[PDB]
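Colleague: Please see the structure below; I have some questions.
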Amino acid sequence: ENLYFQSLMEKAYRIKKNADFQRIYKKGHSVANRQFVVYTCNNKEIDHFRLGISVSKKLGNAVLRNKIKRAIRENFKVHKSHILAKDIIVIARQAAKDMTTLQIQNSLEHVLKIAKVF
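In terms of the deposited numbering, the sequence shown is residues -7 to 110.
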């Protein structure tokens, strides 16, 4: 269906509130590979995963930041059906910029396996 209704459903899988980010940083578990830090945390009110993304401004220019965000969202679309019901924050590290599009997907899958979400 259309872009409006796609966005209706997909908004539920996104973490928007700064309060949620900060709760997850304080209460969640963290792991990291060279390209990504990942925090995960249970949300008792929610029975499906949610994703929040952080790409620092230090990483580079807007085109690059948007490329990294896109690659993360794309990976979660590929695996939507089998991500455990956790709130998840993905933080791109400086080194994510040094990877190709294929590499960054593999790196994401690896880190998310370490984080035990799957």
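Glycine included, C-beta positions come from ideal geometry on N, C-alpha and C.
For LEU100, which residues from the same chain have a beta carbon less than 6 angstroms from its beta carbon, with the 5 sequence-adjacent residues on both sides left out?
Modeller: Around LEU100: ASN67.
Colleague: Let me know the secondary structure DSSP gives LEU0 once reduced to three states.
Modeller: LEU0: helix per DSSP, three-state reduction.
Colleague: Kindly identify the DSSP beta-bridge partner or partners of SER22.
Modeller: In the DSSP output, where bridge partners are listed per residue, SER22 has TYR31.
Colleague: Helix, strand or coil: how does DSSP classify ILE106 here?
Modeller: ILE106: helix per DSSP, three-state reduction.
Colleague: DSSP three-state label for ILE60, please.
Modeller: Looking at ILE60 - three-state DSSP - the assignment turns out to be helix.
Colleague: Contact defined as beta carbons within less than 8 angstroms: I believe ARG85 pairs with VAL29. What is the distance between those atoms, to the nearest angstrom?
Modeller: Right, their Cβ atoms sit about 6 angstroms apart.
Colleague: Considering only C-alpha positions, which residue in the set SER46, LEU(-5), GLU(-7), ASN25 is nearest to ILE7?
Modeller: When each option's Cα is compared against that of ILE7, the closest is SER46.
Colleague: Give the DSSP-derived three-state secondary structure of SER46 in the structure shown.
Modeller: In the structure shown, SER46 sits in a strand (DSSP, three-state: E or B).
Colleague: To the nearest angstrom, how far is it from the Cα of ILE75 to the Cα of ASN53?
Modeller: Taking the straight line joining both Cα atoms gives about 30 angstroms.
Colleague: What residues in its chain sit with their C-beta under 6 angstroms from that of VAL103, if we drop five residues either side in the sequence?
Modeller: Answer for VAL103: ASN25, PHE28, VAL30, listed in chain order.
Colleague: Would you decide whether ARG62 is buried or exposed? Buried here means 16 or more other CB atoms lie within 10 Å of its CB.
Modeller: Flag for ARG62 reads exposed.
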